[PDB]
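J.: This is the content of model-v4.csv (CSV, C-alpha atoms and all ligand atoms):
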chain,number,residue,atom,x,y,z
A,3,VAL,CA,-18.2,0.5,4.5
A,4,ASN,CA,-15.5,2.2,2.3
A,5,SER,CA,-16.4,5.7,3.7
A,6,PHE,CA,-13.5,7.6,2.2
A,7,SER,CA,-13.5,11.4,2.7
A,8,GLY,CA,-11.1,14.4,2.2
A,9,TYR,CA,-9.2,13.0,-0.7
A,10,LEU,CA,-7.8,14.9,-3.7
A,11,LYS,CA,-8.9,13.3,-7.0
A,12,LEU,CA,-5.8,12.8,-9.2
A,13,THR,CA,-7.5,10.7,-12.0
A,14,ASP,CA,-10.9,9.0,-12.5
A,15,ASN,CA,-9.7,6.1,-10.2
A,16,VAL,CA,-6.8,7.4,-8.1
A,17,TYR,CA,-7.3,9.6,-5.0
A,18,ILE,CA,-4.6,10.9,-2.5
A,19,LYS,CA,-4.7,12.3,1.1
A,20,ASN,CA,-2.1,13.5,3.6
A,21,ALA,CA,-3.1,10.9,6.3
A,22,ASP,CA,-1.9,8.0,8.5
A,23,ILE,CA,-3.1,4.7,6.8
A,24,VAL,CA,-3.9,3.3,10.3
A,25,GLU,CA,-6.3,6.1,11.2
A,26,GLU,CA,-7.8,6.0,7.7
A,27,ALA,CA,-8.5,2.3,8.1
A,28,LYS,CA,-10.2,2.9,11.5
A,29,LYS,CA,-12.4,5.7,10.0
A,30,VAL,CA,-13.1,4.2,6.6
A,31,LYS,CA,-13.6,0.5,7.5
A,32,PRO,CA,-12.3,-0.5,4.1
A,33,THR,CA,-12.9,-3.9,2.4
A,34,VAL,CA,-9.1,-4.0,1.6
A,35,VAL,CA,-6.1,-2.3,3.2
A,36,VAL,CA,-2.8,-2.8,1.3
A,37,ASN,CA,0.4,-3.6,3.3
A,38,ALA,CA,3.8,-2.7,1.8
A,39,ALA,CA,5.3,-6.1,2.7
A,40,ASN,CA,8.6,-8.0,2.2
A,41,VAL,CA,8.9,-11.6,0.8
A,42,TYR,CA,9.0,-13.3,4.3
A,43,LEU,CA,6.1,-11.1,5.7
A,44,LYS,CA,8.3,-9.7,8.5
A,45,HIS,CA,6.3,-6.6,9.5
A,46,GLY,CA,9.0,-4.8,11.6
A,47,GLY,CA,9.3,-1.4,9.9
A,48,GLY,CA,7.7,1.3,7.9
A,49,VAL,CA,4.0,0.9,7.0
A,50,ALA,CA,4.0,-2.8,7.8
A,51,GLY,CA,5.1,-2.1,11.3
A,52,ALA,CA,2.5,0.5,11.8
A,53,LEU,CA,-0.3,-1.8,10.5
A,54,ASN,CA,0.9,-4.8,12.5
A,55,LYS,CA,1.2,-2.9,15.8
A,56,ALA,CA,-2.4,-1.5,15.2
A,57,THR,CA,-3.6,-5.2,15.0
A,58,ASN,CA,-1.8,-5.9,18.4
A,59,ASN,CA,0.5,-8.3,16.4
A,60,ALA,CA,-2.4,-10.4,15.0
A,61,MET,CA,-1.2,-9.7,11.5
A,62,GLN,CA,2.3,-11.0,12.2
A,63,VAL,CA,0.9,-14.2,13.9
A,64,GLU,CA,-1.2,-14.9,10.9
A,65,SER,CA,1.6,-14.1,8.4
A,66,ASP,CA,4.0,-16.5,10.3
A,67,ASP,CA,1.5,-19.3,9.9
A,68,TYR,CA,1.1,-18.5,6.2
A,69,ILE,CA,4.8,-18.5,5.6
A,70,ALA,CA,5.4,-21.8,7.4
A,71,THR,CA,3.0,-23.6,5.1
A,72,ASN,CA,3.4,-21.7,1.9
A,73,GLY,CA,6.9,-20.1,1.8
A,74,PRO,CA,7.9,-16.6,0.9
A,75,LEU,CA,6.2,-14.4,-1.8
A,76,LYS,CA,8.0,-13.3,-5.0
A,77,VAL,CA,9.1,-9.6,-5.4
A,78,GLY,CA,6.2,-8.0,-7.3
A,79,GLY,CA,3.7,-10.6,-5.9
A,80,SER,CA,1.0,-10.5,-3.3
A,81,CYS,CA,-1.1,-12.4,-0.8
A,82,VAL,CA,-4.7,-11.8,0.6
A,83,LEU,CA,-5.0,-12.5,4.3
A,84,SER,CA,-7.3,-11.2,7.0
A,85,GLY,CA,-7.6,-7.5,7.7
A,86,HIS,CA,-8.1,-8.1,11.4
A,87,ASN,CA,-9.6,-4.9,13.1
A,88,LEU,CA,-8.4,-2.6,10.3
A,89,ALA,CA,-10.3,-4.0,7.2
A,90,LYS,CA,-12.0,-7.1,5.9
A,91,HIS,CA,-8.9,-8.2,4.1
A,92,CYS,CA,-5.2,-7.2,3.9
A,93,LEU,CA,-3.5,-7.4,0.5
A,94,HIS,CA,0.2,-7.9,1.3
A,95,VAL,CA,2.1,-6.6,-1.8
A,96,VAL,CA,5.9,-6.8,-2.3
A,97,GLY,CA,7.4,-3.9,-4.1
A,98,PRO,CA,11.1,-4.0,-5.1
A,99,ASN,CA,13.8,-2.8,-2.7
A,100,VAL,CA,15.9,-0.6,-5.1
A,101,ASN,CA,18.4,0.1,-2.3
A,102,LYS,CA,19.2,-3.7,-2.5
A,103,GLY,CA,19.4,-3.7,-6.4
A,104,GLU,CA,16.0,-5.3,-6.9
A,105,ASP,CA,14.5,-4.5,-10.4
A,106,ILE,CA,12.5,-1.3,-10.3
A,107,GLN,CA,10.4,-2.7,-13.2
A,108,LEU,CA,8.8,-5.0,-10.6
A,109,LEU,CA,7.0,-2.0,-9.1
A,110,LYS,CA,4.5,-2.3,-12.0
A,111,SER,CA,4.0,-6.0,-11.1
A,112,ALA,CA,3.4,-4.9,-7.5
A,113,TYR,CA,0.6,-2.4,-8.3
A,114,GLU,CA,-0.9,-4.8,-10.9
A,115,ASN,CA,-2.1,-6.9,-7.9
A,116,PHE,CA,-4.5,-4.1,-7.0
A,117,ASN,CA,-6.6,-4.8,-10.2
A,118,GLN,CA,-8.1,-7.9,-8.6
A,119,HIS,CA,-9.9,-5.6,-6.0
A,120,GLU,CA,-12.7,-3.1,-6.7
A,121,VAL,CA,-11.6,-0.5,-4.1
A,122,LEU,CA,-8.5,-0.3,-1.9
A,123,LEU,CA,-6.9,1.9,0.8
A,124,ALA,CA,-3.1,1.8,0.2
A,125,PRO,CA,0.3,3.4,1.0
A,126,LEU,CA,2.9,4.4,-1.7
A,127,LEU,CA,4.9,1.2,-2.5
A,128,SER,CA,8.7,0.8,-2.3
A,129,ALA,CA,9.1,4.1,-0.4
A,130,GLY,CA,11.1,4.5,3.0
A,131,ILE,CA,14.0,2.1,3.3
A,132,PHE,CA,13.1,0.4,-0.1
A,133,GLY,CA,14.3,3.6,-1.9
A,134,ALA,CA,12.0,4.1,-4.9
A,135,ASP,CA,11.5,7.7,-6.0
A,136,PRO,CA,8.0,8.5,-4.6
A,137,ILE,CA,6.9,10.5,-7.7
A,138,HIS,CA,7.8,7.5,-9.8
A,139,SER,CA,5.8,5.1,-7.5
A,140,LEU,CA,2.8,7.4,-7.9
A,141,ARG,CA,3.1,7.5,-11.7
A,142,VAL,CA,3.3,3.6,-11.9
A,143,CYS,CA,0.2,3.4,-9.7
A,144,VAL,CA,-1.7,5.8,-11.9
A,145,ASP,CA,-0.6,4.0,-15.1
A,146,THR,CA,-1.2,0.5,-13.9
A,147,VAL,CA,-4.1,0.4,-11.6
A,148,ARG,CA,-7.7,0.5,-13.1
A,149,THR,CA,-9.6,-0.1,-9.9
A,150,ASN,CA,-10.4,2.6,-7.2
A,151,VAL,CA,-7.3,3.4,-5.1
A,152,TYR,CA,-7.2,5.7,-2.2
A,153,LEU,CA,-3.6,6.5,-1.3
A,154,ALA,CA,-2.7,7.7,2.2
A,155,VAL,CA,0.7,9.5,2.4
A,156,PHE,CA,1.6,10.3,6.0
A,157,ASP,CA,4.2,13.1,5.4
A,158,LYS,CA,2.9,16.6,4.6
A,159,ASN,CA,6.0,17.6,2.7
A,160,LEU,CA,6.0,14.5,0.5
A,161,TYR,CA,2.2,14.8,-0.1
A,162,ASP,CA,2.6,18.4,-1.2
A,163,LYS,CA,5.6,17.6,-3.5
A,164,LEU,CA,3.6,14.6,-5.0
A,165,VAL,CA,0.5,16.7,-5.7
A,166,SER,CA,2.6,19.6,-7.1
A,167,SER,CA,4.6,17.3,-9.4
A,168,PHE,CA,1.5,15.4,-10.6
A,169,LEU,CA,-0.4,18.6,-11.4
A,170,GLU,CA,2.4,19.9,-13.7
B,201,LIG,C1,1.7,6.4,13.6
B,201,LIG,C2,1.5,5.1,12.9
B,201,LIG,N1,1.4,5.2,11.5
B,201,LIG,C3,2.6,5.3,10.8
B,201,LIG,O1,3.7,5.1,11.3
B,201,LIG,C4,2.4,5.4,9.3
B,201,LIG,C5,3.4,5.5,8.4
B,201,LIG,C6,2.8,5.7,7.1
B,201,LIG,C7,3.2,5.8,5.8
B,201,LIG,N2,4.5,5.9,5.4
B,201,LIG,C8,5.1,5.9,4.1
B,201,LIG,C9,6.0,4.8,3.9
B,201,LIG,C10,7.0,4.6,4.8
B,201,LIG,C11,7.9,3.5,4.8
B,201,LIG,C12,7.7,2.5,3.8
B,201,LIG,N3,8.4,1.4,3.7
B,201,LIG,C13,8.0,0.7,2.6
B,201,LIG,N4,8.6,-0.5,2.2
B,201,LIG,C14,8.1,-1.3,1.2
B,201,LIG,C15,8.4,-2.8,1.5
B,201,LIG,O2,7.5,-0.9,0.3
B,201,LIG,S1,6.7,1.4,1.7
B,201,LIG,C16,6.7,2.7,2.8
B,201,LIG,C17,5.8,3.9,2.9
B,201,LIG,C18,5.8,7.3,3.8
B,201,LIG,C19,6.4,7.4,2.4
B,201,LIG,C20,4.8,8.5,4.0
B,201,LIG,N5,2.3,6.0,4.8
B,201,LIG,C21,1.0,6.0,5.1
B,201,LIG,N6,0.5,5.8,6.4
B,201,LIG,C22,1.4,5.7,7.3
B,201,LIG,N7,1.2,5.5,8.7
Give the structure from this file in structure tokens form.
Ligand SMILES: CCNC(=O)c1cc2c(N[C@H](c3ccc4nc(NC(C)=O)sc4c3)C(C)C)ncnc2[nH]1

T.:
Amino acid sequence: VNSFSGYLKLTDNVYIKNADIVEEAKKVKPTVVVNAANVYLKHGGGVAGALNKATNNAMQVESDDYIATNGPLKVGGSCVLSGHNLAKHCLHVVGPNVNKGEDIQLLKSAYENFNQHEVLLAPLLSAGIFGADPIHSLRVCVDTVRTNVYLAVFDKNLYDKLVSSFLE
């Protein structure tokens, strides 16, 4: 039903909220939830671990069957699979891991995948252990994505820093 509420409007198409993406998916019932994935779709940590545990591991079981038949994704690439109990679909997107020297320019490629979907619930890509500067990730999202994106950031200090920086 895409019933998003309580978001700050950053641009005509980008919205942001201090919220847990799992709880937002349960409340909103979005058509598409984005996972911040890795190339072999191993959902052990970060956002991916939270989304997978909220599906009682159904996302990992499906991802393993996909990888066995199709092989790993490319950095900057994506894959639509089932959204299970969280959404109709999950768009698994691979942002670059700048802590491992992957090219930060591929963060643009990663957000470009959002343009195939009219409306998405998403986390900030390449944050956590992937090491991209969160303000830079938000700017690449705003400059790249043309469709409607609702960003859930589950850290109040980071949310406030991102909003303050973007409003300068
Ligand atoms: C209680 C269950 N929920 C959570 O643990 C949870 C966590 C959470 C969340 N975390 C953000 C985050 C953390 C790690 C991380 N690792 C990444 N790696 C790749 C491959 O891109 S991207 C990424 C993003 C923080 C920056 C805020 N963002 C929204 N919703 C959430 N929910």

J.: Between CA of residue 97 (chain A) and atom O2 of ligand LIG 201 (chain B), what is the spacing in Å?

T.: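 Straight-line distance from atom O2 of ligand LIG 201 (chain B) to CA of residue 97 (chain A) works out to 5.3 Å.
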
J.: Quick one: residues within 9 Å of ligand LIG 201 (chain B), with all atoms listed in the file, as a short mmCIF file (atom, residue, chain, number, x, y, z; two decimals) with C-alpha atoms, in the frame of the given file?

T.:
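Ended up saving to part29.cif:
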data_model
loop_
_atom_site.label_atom_id
_atom_site.label_comp_id
_atom_site.auth_asym_id
_atom_site.auth_seq_id
_atom_site.Cartn_x
_atom_site.Cartn_y
_atom_site.Cartn_z
CA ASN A 20 -2.10 13.50 3.60
CA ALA A 21 -3.10 10.90 6.30
CA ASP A 22 -1.90 8.00 8.50
CA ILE A 23 -3.10 4.70 6.80
CA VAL A 24 -3.90 3.30 10.30
CA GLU A 25 -6.30 6.10 11.20
CA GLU A 26 -7.80 6.00 7.70
CA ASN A 37 0.40 -3.60 3.30
CA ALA A 38 3.80 -2.70 1.80
CA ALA A 39 5.30 -6.10 2.70
CA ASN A 40 8.60 -8.00 2.20
CA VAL A 41 8.90 -11.60 0.80
CA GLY A 47 9.30 -1.40 9.90
CA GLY A 48 7.70 1.30 7.90
CA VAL A 49 4.00 0.90 7.00
CA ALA A 50 4.00 -2.80 7.80
CA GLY A 51 5.10 -2.10 11.30
CA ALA A 52 2.50 0.50 11.80
CA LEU A 53 -0.30 -1.80 10.50
CA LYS A 55 1.20 -2.90 15.80
CA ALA A 56 -2.40 -1.50 15.20
CA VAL A 95 2.10 -6.60 -1.80
CA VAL A 96 5.90 -6.80 -2.30
CA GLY A 97 7.40 -3.90 -4.10
CA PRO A 98 11.10 -4.00 -5.10
CA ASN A 99 13.80 -2.80 -2.70
CA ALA A 124 -3.10 1.80 0.20
CA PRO A 125 0.30 3.40 1.00
CA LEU A 126 2.90 4.40 -1.70
CA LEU A 127 4.90 1.20 -2.50
CA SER A 128 8.70 0.80 -2.30
CA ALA A 129 9.10 4.10 -0.40
CA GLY A 130 11.10 4.50 3.00
CA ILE A 131 14.00 2.10 3.30
CA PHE A 132 13.10 0.40 -0.10
CA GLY A 133 14.30 3.60 -1.90
CA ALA A 134 12.00 4.10 -4.90
CA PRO A 136 8.00 8.50 -4.60
CA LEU A 153 -3.60 6.50 -1.30
CA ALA A 154 -2.70 7.70 2.20
CA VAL A 155 0.70 9.50 2.40
CA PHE A 156 1.60 10.30 6.00
CA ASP A 157 4.20 13.10 5.40
CA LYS A 158 2.90 16.60 4.60
CA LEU A 160 6.00 14.50 0.50
CA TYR A 161 2.20 14.80 -0.10
#

J.: Hey, which of A:109, A:27, A:75, A:18 ends up closest to residue 145 (chain A)? Count only C-alpha atoms.

T.: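 Going through A:109, A:27, A:75, A:18 one by one, the smallest distance to residue 145 (chain A) is for A:109.
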
J.: Counting only C-alpha atoms, which of A:106, A:92, A:112, A:61 gets nearest to residue 78 (chain A)?

T.: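 When distances to residue 78 (chain A) are compared using only C-alpha atoms, the smallest one comes from A:112.
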
J.: Restricting the calculation to all atoms listed in the file: of A:152, A:54, A:43, A:163, which residue gets closest to residue 73 (chain A)?

T.: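 For residue 73 (chain A), the nearest of the given residues is A:43.
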
J.: Might you pull out every residue within 8 Å of region 117-122 of chain A, with only C-alpha atoms counted and same-chain residues fewer than 4 positions away left off, and present them as a PyMOL selection string?

T.: chain A and resi 4+32-36+113+147-152

J.: Leaving out residue 10 (chain A) and any residue of its chain fewer than 6 positions from it, which residues lie within 9 Å of it when counting all atoms listed in the file, given as a list in words?

T.: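 The filter keeps residues 16, 17, 18, 19 and 165 of chain A.
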
J.: Might I get the box with edges along x, y and z of the file that holds all atoms of region 150-164 of chain A listed there, padded by 8 Å on every side, given as centre and edge lengths in Å to one decimal, as AutoDock Vina command-line options?

T.:
--center_x -2.2 --center_y 10.5 --center_z -0.6 --size_x 32.4 --size_y 31.8 --size_z 29.2

J.: Compare A:70, A:81, A:30, A:143 by their minimum atom-to-atom distance to residue 110 (chain A), counting all atoms listed in the file, and give me the closest one.

T.: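 Ranking A:70, A:81, A:30, A:143 by distance to residue 110 (chain A), first place goes to A:143.
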
J.: Which distance in Å separates CA of residue 45 (chain A) and CA of residue 15 (chain A), to one decimal?

T.: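 Between CA of residue 45 (chain A) and CA of residue 15 (chain A) the gap is 28.4 Å.
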
J.: Give the answer as one residue: which of A:135, A:162, A:114, A:64 has the shortest atom-to-atom distance to residue 79 (chain A), using all atoms listed in the file?

T.: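 Using all atoms listed in the file, residue 79 (chain A) sits closest to A:114.
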
J.: Using all atoms listed in the file, can you tell me which of A:108, A:115, A:59, A:91 comes closest to residue 139 (chain A)?

T.: A:108

J.: Provide the CA of residue 167 (chain A) to CA of residue 137 (chain A) distance in Å, to one decimal place.

T.: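 So the two atoms, CA of residue 167 (chain A) and CA of residue 137 (chain A), lie 7.4 Å apart.
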